[PDB]
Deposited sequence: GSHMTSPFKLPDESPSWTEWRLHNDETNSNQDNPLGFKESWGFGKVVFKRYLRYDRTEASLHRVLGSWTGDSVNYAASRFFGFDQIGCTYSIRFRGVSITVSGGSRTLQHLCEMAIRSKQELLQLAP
């Protein structure tokens, strides 16, 4: 399957996660999780994120309106399907959802959501 994502997954092993836990706290995780769902099919990423401007830039590059539309168009036809973006960081989940006919507006709200969550003050 063609993913909407432009960067590889970065999930930590169980050992790396434990080590990070011993060293640090829910407000300073290794990163964030995000996902894109098109009908039944869901694509997921855990991406490292350290709250710098460099890191923000890098992770905002993990998908675009174009990469999402290319991935999503595989699943399209005459009938509308449900499409959903989710992101979770520091205890808060944001989900942006609606039909395929609205996908451009779902991307616009998804990217704005992602940016505001990742920049939310301590």
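Novice: What are the unmodelled segments when the structure is compared with the full deposited sequence, in sequence order?
Specialist: Residues lacking C-alpha coordinates: 1-3, 28-29.
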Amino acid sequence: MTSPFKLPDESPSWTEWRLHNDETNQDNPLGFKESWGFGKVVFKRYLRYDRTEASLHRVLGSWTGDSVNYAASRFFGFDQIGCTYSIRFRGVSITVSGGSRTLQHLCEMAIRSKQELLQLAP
From here on, numbers count along this sequence of modelled residues.
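Novice: Taking only the other compared entries that model residues on either side of residue 25, decide whether it is unmodelled in at least a third of them.
Specialist: Comparison shows residue 25 dropped in at least a third of the other entries.
Novice: On average, are the C-alpha B-factors higher in 15-23 or in 106-114?
Specialist: Comparing averages over the C-alpha atoms only gives 15-23.
Novice: Hey, which bit's got the bigger mean C-alpha B factor in the entry, 47-55 or 75-83?
Specialist: Higher mean C-alpha B-factor in the PDB entry: 75-83.
Novice: In terms of CA temperature factor as recorded, identify the highest of 93, 35, 64, 28.
Specialist: Reading the PDB entry, the winner on C-alpha B-factor is 28.
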